[PDB]
Amino acid sequence: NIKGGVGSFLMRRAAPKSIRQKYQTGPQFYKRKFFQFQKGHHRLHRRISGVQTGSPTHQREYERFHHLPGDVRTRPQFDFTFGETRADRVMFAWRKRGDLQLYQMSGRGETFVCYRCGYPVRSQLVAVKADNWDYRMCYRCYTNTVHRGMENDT
Amino acid sequence: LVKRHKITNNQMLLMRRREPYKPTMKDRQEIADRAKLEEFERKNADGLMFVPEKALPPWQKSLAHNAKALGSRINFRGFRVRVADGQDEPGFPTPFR
Amino acid sequence: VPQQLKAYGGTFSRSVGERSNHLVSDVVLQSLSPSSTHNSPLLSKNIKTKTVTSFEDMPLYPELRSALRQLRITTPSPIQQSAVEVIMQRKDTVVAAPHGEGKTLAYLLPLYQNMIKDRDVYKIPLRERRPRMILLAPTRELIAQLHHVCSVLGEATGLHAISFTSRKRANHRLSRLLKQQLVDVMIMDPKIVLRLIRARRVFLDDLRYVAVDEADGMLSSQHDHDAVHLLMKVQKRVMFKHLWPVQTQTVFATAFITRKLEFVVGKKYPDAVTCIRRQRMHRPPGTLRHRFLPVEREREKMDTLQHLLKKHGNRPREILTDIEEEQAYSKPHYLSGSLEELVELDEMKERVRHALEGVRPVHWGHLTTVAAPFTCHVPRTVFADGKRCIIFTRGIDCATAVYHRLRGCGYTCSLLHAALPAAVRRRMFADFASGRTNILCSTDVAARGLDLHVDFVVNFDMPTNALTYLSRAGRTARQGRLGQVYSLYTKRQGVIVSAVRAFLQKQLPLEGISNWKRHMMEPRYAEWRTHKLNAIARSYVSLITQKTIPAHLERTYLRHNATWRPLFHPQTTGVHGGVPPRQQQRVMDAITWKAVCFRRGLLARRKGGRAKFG
RNA sequence: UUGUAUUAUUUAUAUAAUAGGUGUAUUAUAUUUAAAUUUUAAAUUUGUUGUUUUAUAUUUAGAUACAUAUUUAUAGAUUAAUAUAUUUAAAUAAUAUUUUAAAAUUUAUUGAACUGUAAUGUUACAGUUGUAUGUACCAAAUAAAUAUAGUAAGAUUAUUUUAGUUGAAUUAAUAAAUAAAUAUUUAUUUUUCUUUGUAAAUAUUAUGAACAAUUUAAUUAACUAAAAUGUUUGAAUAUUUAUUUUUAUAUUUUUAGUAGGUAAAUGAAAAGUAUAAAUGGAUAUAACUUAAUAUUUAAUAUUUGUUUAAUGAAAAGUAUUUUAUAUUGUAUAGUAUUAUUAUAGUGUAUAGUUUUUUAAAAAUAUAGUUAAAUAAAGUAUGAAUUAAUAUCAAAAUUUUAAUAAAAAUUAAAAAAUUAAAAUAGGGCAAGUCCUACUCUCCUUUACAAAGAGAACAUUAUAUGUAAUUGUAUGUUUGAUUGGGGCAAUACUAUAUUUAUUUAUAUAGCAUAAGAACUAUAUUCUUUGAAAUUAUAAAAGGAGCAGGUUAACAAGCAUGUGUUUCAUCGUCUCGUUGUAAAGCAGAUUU
Ligand SMILES: Nc1ncnc2c1ncn2[C@@H]1O[C@H](COP(=O)(O)OP(=O)(O)O)[C@@H](O)[C@H]1O
Ligand SMILES: [Mg+2]
Ligand SMILES: [Zn+2]
């Protein structure tokens, strides 16, 4: 046998196996090959964070993410705080912006993977598609989709 | 380490580059290269002067002198040794040629 | 026992600026990715990619239009589309193309247009020993081909082009040519051009155009930097002020762009435009097939070559008597035939040519054409059933050995290498080109830019570098003509053949490849870090999507599947496993304590409950 | 010692009344007017961290590149070589070069009381090694040594400073202006309204990106104060179309006073550098490797002496037998102890041959269904791992670069004692799976190379060769030691030929003596086919790496027949999705 030698780093150029993956033309349904994180992070997940400046009696939780644009600056349509504590911990829900609906939970952050960016995202804001929680979407791509008008076409 | 400097106001604290009015490293390289090229072109604006034997660098002067030694001791015009280390031909007419 | 904690056992490559920092430029290509282009001194500044999609759109004289009609060129290749505009704009240019997109025309036709403009509009006079254009090409065969391609244009446009090569009385012949016929274009080797300049047989007073056909070799040490010295002389002439202002422009046509070429052009001609298509640069054409044949031993290579020749139809002349063998060894046996005979075996003639040469439509962005007839100084005057072949060997000795072996076996072969005398070399090349010999055993002499009809290329010695291999491959896969390259390899070329095979299989450029297993295996620390980050991200995504884990395992799962843990000193990973010795020191202290306790217990068990006593 | 020999140099931790209350008294941290601020350091980490390692404390030990050259005094170059030498300097001086630490290897030596054999407890055999082991770390032990310490790592003693750039550079290899960055020393007054860090000598220089898109275009701060930053109306309410309500000022960084040389990193004593001799701070300074000491753990674990049925050697002890009772000698082992524990050879059987606390509980160890005993606290004695830590880290929420008691917000966290592993601490980039490469191992016909030996030459021991063998042993995928280009017959000129412009030759050249270092000009003294195989050869648990979102796919089967992959169909038939957002194996801590 004539055993050759070739490094994996050389082949990594052609890791993508589709147009969608190679050229990121559409949402990445858990098939993103190349990721661009910040130069100092170690846990490798995008962060959509919030800020708290007081107790709930002065600053409602949904107002924490007021520095970001989009629906998050509008008062959520449904509040699930006074009644009970839902198992998923979702405390606020916004009006459906198409087939997408935005939820906010009272937790440190749920590390999900959004099918548009394809990156793991750790945040309290989660956008779900047509009530199917198996397909979550982070707030950045949710806002971009709403801005572009692709609410029902992702 | 980073060169700390004595401050004269909080503006120096906010300042990052010690000389803001100075081009970054790449622009410095570009400007230096352009200046050197311009100086070289200005030097070469005139033709390539054919310097005499005595003006050649140290590593050509002695070789040329030894090559033409016999002609120097026996004086007769028309004697030229076609040495190899001499200055290369420019390719165009020049005022000094 | 030795160590029980590692971050990266292997060792990284010393290279920093690129994958092939240690290799010389003339042996490896240069990555064209934008990351490398950014630091590149040529590919970053100016790069022309917009295209004009018609010669009619291009401003050309009726003489040039008639010339290209004679040449059968009707649709511009993308390289021509990108390069004609800039060369007409009169900027120093670097044209790059994957071996058969039409670089010759791309850098000739605009230059001839400019020369006609100078001669007619500006009315610049023509002097005896002061040519307008100097064209440079390494090999004598390529010089002759360029002389033909320039003579057609000269006959069309009224210009005159000469070319010279080694002969019996080279000095006398060249001086006589210069004295007799004043010329507009001279196609010649840079060494001879420098000889003429130094002997002041030629002058740069009226020179306005410099063209280089193989910029890589010409600017590399492979050709003694003669082109570089000539270009420096041209720059000195341009700087010179007492003569009329000549904005001499340089065109570099190069099927490869390497470190040497890019650095020379970037550091000498800062305002040099570049015409490259990275998607198809440094790759073989799509109509080329590859077959890497292993051989158990070097002896089997001759049998494999005979098998390939027989398969493609170059049947040998069966030898059955001593006189037949003697005449086969002594005298050549040329083939004979005609177009009508082959057909039985001028639109109809063109269709027959397409069928014979395997020409297929060239599919470009939104337009298609058919490859024009080859441009060689020896037309295909003879046709035979067997397919044209070219066998590239390791050297002159191997070329001649294969030639004689095939002749003894019974094949009709020609030989081409530098050591042959001038007359024999001309006769051999003429035979192969005209078709009186369908097999040509040669060396890299014929691998450098020859436009000739060859059905397939055999590598009797698999090249160790991408440059020569890709040049030989491109010798056959022209504009759209089908091509096939076989390569007989051994254990020695295993690394290179595997790398090339993978690269061709997944259609990615041969930017950096070598025959050194360590070079092709050991990664470069930053590249390994990028790949590791991507792999960790993919593992994290898979873990998030598929697996659900409890709180007491979340920490460990994230640490071992979702965290980027940088190495301690990648330059010393081969020594300390990429882990700090201090942490390694603590780990080994604990493990050695445990091992000492276990060893004491084992000694007690084996000796009867007491180590010393038992 | 016929000078404490002389001269200089160095030097010990035995030892201890110290004070009866300045701050608070519902919880955040020195300067007392109450507040505010505050919550390690060093190295490592060049993706600069939340990674990594060290530090209980007191005192001490601890590491070497000469920051400077006064009259006698005088210093070139240069050719391959012969030779040539038109033609400007100088303070002739050498000795040194952190520190700790490599799996080391080398030399010499001992060990068979342990253990493993043979012999019948003892003898014999030992580190190119005896039979898993060879005296409580088997790459053994002892003695010597400062190996490429480098391409492991760590440490490295001198505050108040006084000047340039903060991501550039990168071309192996024939006549091409110039690598840059950082640091050290040093150099140049060139005109233009203003402004502008250029150059040389010298030292060092792997802190390392894969794609896509586009493009000749896109952690620093002198003090005081000042101070400018920051839930309806293309609907809603209503009925079978009408109603409704659609600027400023101010808050934290555009300034002075005073301190005060100058725009930040090469210690300071006029007191042994002694003439000085009773009131000289000569205060002149290593948080982690040394040594000693004092603490924490520690109100701790441990220890605890009220009950005895029974050996007459020797190696082994040497513990003061007052006189113990031929010559010579009687008692009191080993495991580091006054310890698990009879050392048993011989030999015998009624000598009671005499040291184990305590007034409960948990936990832990022992102890008439089916297939209840023993070990306490307390009095007394008194260890060990550990120890960056301010009197400390209730809790929740939110967030920052990997566990983050790190940050912020919110909130409200008492003290002691016992028990409990819930969290942190207590070594761990690991597990499985697929691919790839290599190692170990096997083999022989090739390579190197042993040693040994046969044979040969010369006349039972040797010298000189040594193609066999062994293959113990080390190798056996970097081929640019290639290819190209160069081809005597310059110069002026002539003739022939030409695969449609190549090819070939030749006519011309002797000789010449006064103006004295001398003028870019000349292609002439003579190479036209090296008929490959070097590179030793080859096969299939462990190590490293990749991938885990696999690999392959204008296919498959033997010209023909047939969609791909999958949704858990059915006994060929057939529904659905898909053309990848699809298909192997693994998915554990
Ligand atoms: N537009 C064109 N269309 C068809 N043939 C072309 C065209 N341009 C060049 N060629 C032909 O394609 C062949 C390769 O051209 P060439 O310039 O020699 O390749 P390269 O770019 O590698 O030098 C030649 O036969 C040439 O005549
Ligand atoms: Mg070409
Ligand atoms: Zn997203």
# chains A, B, ... in the order shown; residues from 1 in each chain; ligands from 1

$ residues_near_ligand --ligand "ligand 3" --cutoff "6 Å" --atoms "only C-alpha atoms (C1' of nucleotides) and all ligand atoms" --output "number ranges by chain"
A: 114, 116-117, 137-138, 140-141

$ closest_atom_pairs --of "chain C" --to "chain A" --cutoff "8 Å" --atoms "only C-alpha atoms" --output "JSON lines"
{"residue": "C:294", "atom": "CA", "partner": "A:2", "partner_atom": "CA", "distance": 7.8}
{"residue": "C:490", "atom": "CA", "partner": "A:2", "partner_atom": "CA", "distance": 7.4}
{"residue": "C:491", "atom": "CA", "partner": "A:2", "partner_atom": "CA", "distance": 5.4}
{"residue": "C:494", "atom": "CA", "partner": "A:4", "partner_atom": "CA", "distance": 4.5}
{"residue": "C:495", "atom": "CA", "partner": "A:4", "partner_atom": "CA", "distance": 4.1}
{"residue": "C:496", "atom": "CA", "partner": "A:4", "partner_atom": "CA", "distance": 7.3}
{"residue": "C:497", "atom": "CA", "partner": "A:4", "partner_atom": "CA", "distance": 7.2}
{"residue": "C:498", "atom": "CA", "partner": "A:4", "partner_atom": "CA", "distance": 5.2}
{"residue": "C:499", "atom": "CA", "partner": "A:6", "partner_atom": "CA", "distance": 5.6}
{"residue": "C:503", "atom": "CA", "partner": "A:11", "partner_atom": "CA", "distance": 7.9}
{"residue": "C:506", "atom": "CA", "partner": "A:14", "partner_atom": "CA", "distance": 7.0}
{"residue": "C:508", "atom": "CA", "partner": "A:14", "partner_atom": "CA", "distance": 7.3}
{"residue": "C:517", "atom": "CA", "partner": "A:5", "partner_atom": "CA", "distance": 5.4}
{"residue": "C:520", "atom": "CA", "partner": "A:6", "partner_atom": "CA", "distance": 5.2}
{"residue": "C:521", "atom": "CA", "partner": "A:7", "partner_atom": "CA", "distance": 4.5}
{"residue": "C:522", "atom": "CA", "partner": "A:7", "partner_atom": "CA", "distance": 6.9}
{"residue": "C:523", "atom": "CA", "partner": "A:9", "partner_atom": "CA", "distance": 6.7}
{"residue": "C:527", "atom": "CA", "partner": "A:9", "partner_atom": "CA", "distance": 7.1}
{"residue": "C:528", "atom": "CA", "partner": "A:9", "partner_atom": "CA", "distance": 6.8}
{"residue": "C:531", "atom": "CA", "partner": "A:9", "partner_atom": "CA", "distance": 6.9}
{"residue": "C:533", "atom": "CA", "partner": "A:35", "partner_atom": "CA", "distance": 7.9}
{"residue": "C:534", "atom": "CA", "partner": "A:34", "partner_atom": "CA", "distance": 5.7}
{"residue": "C:536", "atom": "CA", "partner": "A:44", "partner_atom": "CA", "distance": 7.9}
{"residue": "C:537", "atom": "CA", "partner": "A:44", "partner_atom": "CA", "distance": 6.3}
{"residue": "C:538", "atom": "CA", "partner": "A:33", "partner_atom": "CA", "distance": 7.0}
{"residue": "C:540", "atom": "CA", "partner": "A:120", "partner_atom": "CA", "distance": 7.4}
{"residue": "C:541", "atom": "CA", "partner": "A:120", "partner_atom": "CA", "distance": 6.1}
{"residue": "C:542", "atom": "CA", "partner": "A:30", "partner_atom": "CA", "distance": 7.8}
{"residue": "C:544", "atom": "CA", "partner": "A:112", "partner_atom": "CA", "distance": 6.3}
{"residue": "C:545", "atom": "CA", "partner": "A:113", "partner_atom": "CA", "distance": 7.0}
{"residue": "C:558", "atom": "CA", "partner": "A:43", "partner_atom": "CA", "distance": 7.7}
{"residue": "C:562", "atom": "CA", "partner": "A:43", "partner_atom": "CA", "distance": 5.9}
{"residue": "C:563", "atom": "CA", "partner": "A:43", "partner_atom": "CA", "distance": 4.5}
{"residue": "C:564", "atom": "CA", "partner": "A:42", "partner_atom": "CA", "distance": 4.8}
{"residue": "C:565", "atom": "CA", "partner": "A:42", "partner_atom": "CA", "distance": 7.0}

$ closest_residue --among "C:79, C:199, C:261, C:211" --to "ligand 1" --atoms "only C-alpha atoms and all ligand atoms"
C:79

$ residues_around --residues "residue 320 in chain C" --least-positions-apart "5" --cutoff "12 Å" --atoms "only C-alpha atoms (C1' of nucleotides)" --output "list in words"
residues 325, 326, 327, 328, 409 and 410 of chain C

$ write_last_selection --atoms "N, CA, C and O atoms" --output "CSV table (one decimal), in the first residue's frame"
chain,number,residue,atom,x,y,z
C,325,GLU,N,13.9,-5.5,-36.5
C,325,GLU,CA,14.3,-4.8,-35.2
C,325,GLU,C,15.4,-3.8,-35.5
C,325,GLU,O,15.4,-2.7,-34.9
C,326,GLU,N,16.4,-4.2,-36.3
C,326,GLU,CA,17.5,-3.3,-36.6
C,326,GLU,C,17.0,-2.0,-37.3
C,326,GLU,O,17.4,-0.9,-36.9
C,327,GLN,N,16.2,-2.1,-38.3
C,327,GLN,CA,15.6,-0.9,-38.9
C,327,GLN,C,14.8,-0.1,-38.0
C,327,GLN,O,14.8,1.1,-38.0
C,328,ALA,N,14.0,-0.8,-37.1
C,328,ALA,CA,13.2,0.0,-36.2
C,328,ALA,C,14.1,0.8,-35.2
C,328,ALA,O,13.8,2.0,-34.9
C,409,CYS,N,10.4,-1.2,-28.6
C,409,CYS,CA,9.1,-1.9,-28.5
C,409,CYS,C,8.3,-1.9,-29.8
C,409,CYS,O,7.8,-3.0,-30.2
C,410,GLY,N,8.3,-0.8,-30.5
C,410,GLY,CA,7.7,-0.8,-31.8
C,410,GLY,C,6.9,0.5,-32.1
C,410,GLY,O,6.4,0.7,-33.2

$ residues_around --residues "residue 7 in chain B" --least-positions-apart "5" --cutoff "9 Å" --atoms "only C-alpha atoms (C1' of nucleotides)" --output "NGL selection string"
(:B and (12-13)) or (:D and (220-221 or 263))

$ write_last_selection --atoms "N, CA and C atoms (P, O5', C5', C4', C3', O3' and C1' of nucleotides)" --output "PDB file, in the first residue's frame"
ATOM      1  N   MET B  12      -5.110  63.559  27.810  1.00  0.00           N
ATOM      2  CA  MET B  12      -4.035  62.589  27.649  1.00  0.00           C
ATOM      3  C   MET B  12      -4.392  61.224  28.221  1.00  0.00           C
ATOM      4  N   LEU B  13      -5.213  61.166  29.268  1.00  0.00           N
ATOM      5  CA  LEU B  13      -5.720  59.890  29.758  1.00  0.00           C
ATOM      6  C   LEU B  13      -6.611  59.219  28.722  1.00  0.00           C
TER       7      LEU B  13
ATOM      8  P     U D 220      -4.353  52.095  36.379  1.00  0.00           P
ATOM      9  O5'   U D 220      -3.458  53.272  35.795  1.00  0.00           O
ATOM     10  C5'   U D 220      -2.184  53.008  35.229  1.00  0.00           C
ATOM     11  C4'   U D 220      -1.827  54.026  34.178  1.00  0.00           C
ATOM     12  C3'   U D 220      -1.976  55.479  34.591  1.00  0.00           C
ATOM     13  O3'   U D 220      -0.869  55.947  35.339  1.00  0.00           O
ATOM     14  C1'   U D 220      -2.958  55.154  32.462  1.00  0.00           C
ATOM     15  P     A D 221      -1.043  56.326  36.888  1.00  0.00           P
ATOM     16  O5'   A D 221      -1.858  57.691  36.853  1.00  0.00           O
ATOM     17  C5'   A D 221      -1.467  58.745  35.981  1.00  0.00           C
ATOM     18  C4'   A D 221      -2.076  60.061  36.390  1.00  0.00           C
ATOM     19  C3'   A D 221      -2.058  60.344  37.889  1.00  0.00           C
ATOM     20  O3'   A D 221      -1.856  61.738  38.111  1.00  0.00           O
ATOM     21  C1'   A D 221      -4.285  60.360  37.112  1.00  0.00           C
ATOM     22  P     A D 263       7.192  68.119  31.449  1.00  0.00           P
ATOM     23  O5'   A D 263       7.346  66.623  30.931  1.00  0.00           O
ATOM     24  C5'   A D 263       6.233  65.737  30.925  1.00  0.00           C
ATOM     25  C4'   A D 263       6.077  65.049  29.592  1.00  0.00           C
ATOM     26  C3'   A D 263       7.032  63.886  29.339  1.00  0.00           C
ATOM     27  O3'   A D 263       6.372  62.913  28.529  1.00  0.00           O
ATOM     28  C1'   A D 263       7.398  65.560  27.717  1.00  0.00           C
TER      29        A D 263
END

$ residues_near_ligand --ligand "ligand 2" --cutoff "6 Å" --atoms "only C-alpha atoms (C1' of nucleotides) and all ligand atoms" --output "list in words"
residues 103, 104, 213 and 449 of chain C

$ decode --residues "range 29-50 of chain B" --atoms "C-alpha atoms" --output "compact mmCIF listing (two decimals), in the first residue's frame"
# COMPACT_ATOMS: atom_id res chain seq x y z
CA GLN B 29 5.17 52.14 5.22
CA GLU B 30 3.24 53.37 2.17
CA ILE B 31 4.42 56.96 2.61
CA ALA B 32 8.03 55.91 3.19
CA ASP B 33 7.98 53.72 0.09
CA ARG B 34 6.49 56.52 -2.01
CA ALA B 35 9.06 59.01 -0.72
CA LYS B 36 11.95 56.63 -1.39
CA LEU B 37 10.65 55.92 -4.90
CA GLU B 38 10.31 59.64 -5.62
CA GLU B 39 13.83 60.31 -4.35
CA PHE B 40 15.19 57.44 -6.46
CA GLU B 41 13.43 58.74 -9.57
CA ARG B 42 14.77 62.24 -8.91
CA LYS B 43 18.28 60.80 -8.59
CA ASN B 44 17.86 58.84 -11.84
CA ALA B 45 16.26 61.73 -13.74
CA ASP B 46 19.65 62.22 -15.38
CA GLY B 47 21.27 59.30 -17.14
CA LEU B 48 23.63 56.76 -15.57
CA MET B 49 26.96 58.58 -15.36
CA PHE B 50 29.92 56.42 -16.39
